[PDB]
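A short worksheet on the structure shown next.
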There are 2 protein chains.
Amino acid sequence: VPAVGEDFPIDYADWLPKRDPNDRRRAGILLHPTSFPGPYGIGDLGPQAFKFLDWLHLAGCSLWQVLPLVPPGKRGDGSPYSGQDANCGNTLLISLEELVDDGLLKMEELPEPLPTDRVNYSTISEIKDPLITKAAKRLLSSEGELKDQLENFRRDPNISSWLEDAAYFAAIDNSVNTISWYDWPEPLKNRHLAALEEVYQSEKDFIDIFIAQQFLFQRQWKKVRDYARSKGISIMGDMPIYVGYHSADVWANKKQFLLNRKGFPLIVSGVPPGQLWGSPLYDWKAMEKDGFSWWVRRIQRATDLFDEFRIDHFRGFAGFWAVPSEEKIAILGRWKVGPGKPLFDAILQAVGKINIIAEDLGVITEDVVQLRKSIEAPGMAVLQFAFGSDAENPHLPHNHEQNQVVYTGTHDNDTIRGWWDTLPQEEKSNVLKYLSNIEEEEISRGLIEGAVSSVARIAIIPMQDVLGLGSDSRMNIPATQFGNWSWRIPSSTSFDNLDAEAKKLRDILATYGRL
Amino acid sequence: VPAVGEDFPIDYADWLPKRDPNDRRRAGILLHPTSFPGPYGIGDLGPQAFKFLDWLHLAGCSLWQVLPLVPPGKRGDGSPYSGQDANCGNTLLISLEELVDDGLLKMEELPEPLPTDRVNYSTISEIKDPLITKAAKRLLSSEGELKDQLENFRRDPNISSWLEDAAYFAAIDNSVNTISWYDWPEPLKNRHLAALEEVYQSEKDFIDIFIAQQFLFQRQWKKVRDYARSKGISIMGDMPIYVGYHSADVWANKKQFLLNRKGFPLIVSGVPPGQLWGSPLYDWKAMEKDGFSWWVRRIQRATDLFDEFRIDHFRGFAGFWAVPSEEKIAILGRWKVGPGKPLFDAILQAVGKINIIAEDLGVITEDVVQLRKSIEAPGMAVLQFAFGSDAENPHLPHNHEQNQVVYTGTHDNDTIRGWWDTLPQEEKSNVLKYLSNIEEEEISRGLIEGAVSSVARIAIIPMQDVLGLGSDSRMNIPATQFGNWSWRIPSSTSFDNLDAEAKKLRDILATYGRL
Ligand SMILES: *[C@@H]1O[C@H](CO)[C@@H](O[C@H]2O[C@H](C)[C@@H](N[C@H]3C=C(CO)[C@@H](O)[C@H](O)[C@H]3O)[C@H](O)[C@H]2O)[C@H](O)[C@H]1O
Ligand SMILES: *[C@@H]1O[C@H](CO)[C@@H](O[C@H]2O[C@H](C)[C@@H](N[C@H]3C=C(CO)[C@@H](O)[C@H](O)[C@H]3O)[C@H](O)[C@H]2O)[C@H](O)[C@H]1O
Ligand SMILES: [Ca+2]
Ligand SMILES: [Ca+2]
Ligand SMILES: [Mg+2]
Ligand SMILES: [Mg+2]
């Protein structure tokens, strides 16, 4: 500007305040693709994914939130948070119809329509796995555009940085079949170069098929993401802070983790009173020495899948609970100093600006708040947690801030109707008083409008709440072992029959500036 | 914290996030003391002030907002924004009952009860001025504690820095009686030291009485502020950015203003299309040279009266419209560069942390937003301005921020009921839709709850809205010449009969975390 007291330009008054596009108010739906309806026992990245994104666009939503897309471990269950690998895609999400379109499968090979209500994780692999393998084998023997794209995918330096290790790990797991790589024969456990060369010779078809399957996943997921972008929809993903011990992530990167000389975890994850989670812990001291290269690669893959993502247990970057691996419960651990902002500095330098959502629920310490504010990451508000304490409860709308994501509830919460059904009478009248004496019969509308009308720049509604569903549609009960991750949109409900639900959401998005 | 990877203390989990007392959510009432009821034609700093603060405390409010407390100029009208002086108190606010308590007036000298509905600014001075003068004369001839306190007040270096000039200015104005000091005899206009010595000799009684009156004001206002503090109530004041030409502020500080060699303004204030306000403009270049001493003294006096205060036309600190003083309308001016943050740096250095509210209504430029955010000053939201454009209207609750003050309406707005009565049908249905399909009959409750439930850390309700009053109770219609600043609480309404109104406000303060 000119000196104090001097004339501004004649056009000074045109200099109106700048709206930053990253402050745009948006609404989204939480819907894991396993939950899409269809005839093959599990939702997929096929026709229903495009039908869903058309419905979202009709509803005026500009965000779609999914759970982790990794292959769930089968040491039970279908949990997206117990993955076999941090970077691979769940091959059960591959659309059999899109592979028929590609010429990789024949109409005739498709199974007869399966029961539609719920995912049966005990049977779905045995049905789909042989068909995905058949398609992969046809791709590997093909000589067209898709073969060229497979070759470009497998030679991409970002892809090969995790996929080669993931494929060799899977080939060895299949062949040796121990509970953990801890018990592998020493040449495979300790990655003797000559032993790995022999694995490629004896397990070549397995490794090539595994890689082709990851290409088929990548190509279908990129078609979905491209379609979402064409409709102005961003995809928000999710990642656990910790990875599983029995994975290529640990076996191929042992010095990134706090293991003993035999590769057994010295300390494992959990929370004090408490909860023993049992993941191996990062050697954050050793990671700082190489510029957090392992974490940079994990974030690079996450940005390949998602526009933005949550990190579950974000508090672990500030401080983490470490339990001696011999211990069988959480009580006897210690809080350890997390890497803090220098991890996020390294990621910015290497990958540029990322939109990370900090999962910051429950008892968190001041250093977690300071770390989140230091990287300008939004935290969470969950309305189903707002009404059981006092008016300083940070989940109440009057305590929300602009740089925040508000939920009615996540995949870890009951549906609004299920939550209301088991809510104590004292807490119900509190809810109804807060939401301005609305009637018990309109509690869904009240909580959804409470989220959409928040100052929080992102509001997310689970699809179960749009469809008016009860506790029978809850995705997860934390710590329970059965009935989880299996909810599907019923076969009788089609996106083409939900125009009224889309209009009802669009009208409140318009009123509260999210459209 | 310890090094990355090392143990935290055993007590890490006790380190809960820090609530800063300056982020405390509060509610207040806007009520200028002229509006207090009583039998002497105008509200005062007497019994009704203490009755009001008891009511506020019963209502759970922790803030009281008043307009400027300066003596209104009589070149018409009662406007607190057209003051005779920036630093003096309005002697019409002096309680005649408290002076009877002090022994400075006799019961018998009190007038017979006057008409109670409205302030008559054309008659109130002629009634009260002679009585305040009588009390001042008794103080001046007295020999007790109050005489000692008067001597300590008039010798206080902060007080004397404005009061001596204010008293001499008033003595000369009374004696010479021109429309402006521009036309004073040269020795008084240009403050010849020998002419000022002669003024003290010939106008000694006037000057001593003027000073005693300012002491009587100070002492009554400090009793009110002390009582407010005892009840956990802060007082928020208000100040126009500009002062009036015909004042001690300009006459005793001519080089702080852009005047010609004869003391006539070179340029005057206003806004482009437009509005010619006609105040003299600050020489912000000359002010920076002495560390903004004049502004520091004005802020020091404001903190003597108020816990926190609004600055009206805060945008003038970034950029100001300057109209050539010969011009008779606003169109032919230029925007000039305001002093910016260095003024606020000087105030911090000299007076310490102040809580300033930025009046930032209407078309403001990006530099005004940057300046306000650079000193962490809250701006305003006014709900009566929210509903006539689109969902990006910054006055809508979903666009509010924590560091903000929300109003239903200010003294410049109609009452909620008056505003609703002249609101176009299209804007009414918009309002009712936004506030969640509430009924037209409950619009007052709806707008008050919309303010109290905001994320804005301060919510302010005019007393006219608590009392359910219509357009006949509006304090000001901007640019109009009559009927303004004269509303009083009717004689039939007493604070002791408002327990239901206090409880209704207290209950929503409890629900929305302002108690
Ligand atoms: C945030 O991340 C949570 C876990 O870190 C996730 O919790 C869900 O998924 C967990 C994997 C699950 N634990 C199961 C898996 C095991 C095998 O490694 C067992 O140790 C546990 O006893 C199993 O229950 C949690 O139960 C489950 O809530 C959240 O969903 C996610 O939001
Ligand atoms: C913010 O500040 C406003 C003015 O700066 C104030 O406006 C009210 O008070 C003004 C003094 C008034 N103008 C009158 C006074 C004059 C004598 O100097 C005339 O020039 C004008 O023509 C008069 O009308 C405004 O009309 C009035 O709105 C706001 O109230 C305050 O919030
Ligand atoms: Ca096995
Ligand atoms: Ca006069
Ligand atoms: Mg070896
Ligand atoms: Mg002279």
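Rule-based calculations on the coordinates, nothing more; no lab input. Because the Cβ atoms are built from the backbone with ideal geometry, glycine has one as well, and the counts that use them run over all protein chains shown.
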Per-residue HN-Hα couplings for region A:300-308, Karplus 6.51 cos²θ - 1.76 cosθ + 1.60 at θ = phi - 60°, whole Hz, x for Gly and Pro? 4, 4, 4, 6, 5, 8, 10, 6, 7
Would region B:108-217 count as rounded, prolate or oblate if I go by the C-alpha gyration tensor, calling it rounded below 1.5 in a/c and otherwise prolate when a/b exceeds b/c, oblate otherwise? oblate
Per DSSP helix of 4 or more residues, -39500 (n - 2.57); summed, then divided by the residues of the protein assembly as shown. What does that give at 222 nm, rounded to the nearest 500? -11500 deg cm²/dmol
Apply the a/c threshold of 1.5 to the C-alpha gyration tensor of region B:21-515 and tell me whether it is rounded, prolate or oblate. oblate
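For peptide A:452-459, compute the average count of partner chain beta-carbon atoms within 10 Å of each residue's beta-carbon.
Other-chain Cβ atoms within 10 Å of each residue's Cβ, averaged: 3.
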Nearest 0.05, what FRET efficiency do residue A:196 and residue A:440 give at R0 = 41 Å with Cβ-Cβ as r? 0.05
Please list, by residue number, every one of the trypsin sites (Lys or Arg not before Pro) in region A:1-38 that is coil in DSSP and has at most 16 other beta-carbon atoms within 10 Å. A:18, A:19, A:24
What's the exposure ranking of B:107, B:239, going from fewest to most Cβ atoms within 10 Å? B:107, B:239
Once phi is turned into ³J(HN,Hα) by the Karplus curve 6.51 cos²θ - 1.76 cosθ + 1.60 with θ = phi - 60°, what whole-Hz value does each residue of region B:312-319 show in order, with x for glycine and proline? 6, 6, 3, 4, x, 6, 8, x
Listed by chain and number, the residues whose amide H is under 5 Å from that of residue B:283, excluding neighbours fewer than 5 places away on the same chain and using placed H, are B:257, B:258
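Only loop residues by DSSP count here, and only those with at most 11 other Cβ atoms within 10 Å; note down the trypsin sites (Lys or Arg not before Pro) in region B:326-362 that meet that. Please report the intermediate quantities before stating the final value.
Details: sites: B:328, B:334, B:336, B:353; in loops: B:328, B:353.
Here the trypsin sites (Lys or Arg not before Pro) that fit, given the DSSP loop and packing criteria, are B:328, B:353.
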Provide the FRET efficiency to the nearest 0.05 for the residue B:421-residue A:472 pair, computing r from the beta carbons and using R0 = 45 Å. 0.30
Work out Dmax and Rg for the protein assembly as shown from the C-alpha atoms and quote the Rg first, both in angstrom. 36.0, 117
Check which residues have an amide H placed less than 5 Å from residue A:268's amide H, if you skip close sequence neighbours. A:323, A:325
According to a simple spin-label model (label point 7 Å from Cα along Cα-to-Cβ), what is the distance in nm between residue A:22 and residue B:503? 5.1 nm
Only sites in a loop by DSSP and with at most 12 other Cβ atoms within 10 Å count here; which GluC sites (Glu not before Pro) in region B:299-338 make the cut? B:326
21 Å Cα-Cα reach of residue B:262 towards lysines, excluding residues that sit fewer than 8 places from it in its own chain: B:189, B:254, B:285, B:328
5 Å is the cut-off here: which amide hydrogens, built 1.01 Å from N in the peptide plane, fall below it relative to residue B:319, excluding neighbours closer than 5 in sequence? B:338
For the protein assembly as shown, percent of DSSP beta bridges that are antiparallel (nearest 5) comes out at 40 percent
Beyond a 29 Å Cα-Cα separation, which of these cross-linked pairs lie in this structure: B:106/B:223; B:134/B:222; A:223/A:503; A:353/B:433? A:353/B:433
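Provide a whole-number value for the mean count of partner chain Cβ atoms within 10 Å of the Cβ atoms in peptide A:2-14.
Counting other chains' Cβ atoms within 10 Å and averaging over A:2-14 gives 6.
How would you classify region A:276-404 from its alpha-carbon gyration tensor, with a ≥ b ≥ c the square roots of the eigenvalues: rounded for a/c under 1.5, else prolate if a/b is greater than b/c, otherwise oblate?
oblate
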Arrange B:180, A:95 by Cβ neighbour counts within 10 Å, fewest through most, would you? B:180, A:95
Inter-label distance for residue A:152 and residue A:289, nm, one decimal - labels placed 7 Å from Cα along Cα-to-Cβ: 3.9 nm
Show me, for region B:232-241, the HN-Hα J-couplings you get by feeding each phi into the Karplus relation (A = 6.51, B = -1.76, C = 1.60, θ = phi - 60°), rounded to Hz, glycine and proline as x. x, 10, 8, 10, 9, x, 7, 8, x, 4
Shielding score for A:390-397, defined as the mean number of other chain Cβ atoms within 10 Å: 3
When we measure straight from the Cα of residue B:231, which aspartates and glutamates land under 13 angstrom away, once same-chain ones fewer than 8 places off are left out? B:54
The simple spin-label model distance between residue A:109 and residue B:260, using points 7 Å out along Cα→Cβ, in nm, is 9.6 nm
Looking at region B:21-515 only, what percent of DSSP beta bridges run antiparallel? Nearest 5 please. 35 percent
Neighbour-count order for A:473, B:175, A:269, fewest beta carbons within 10 angstrom listed first: B:175, A:473, A:269
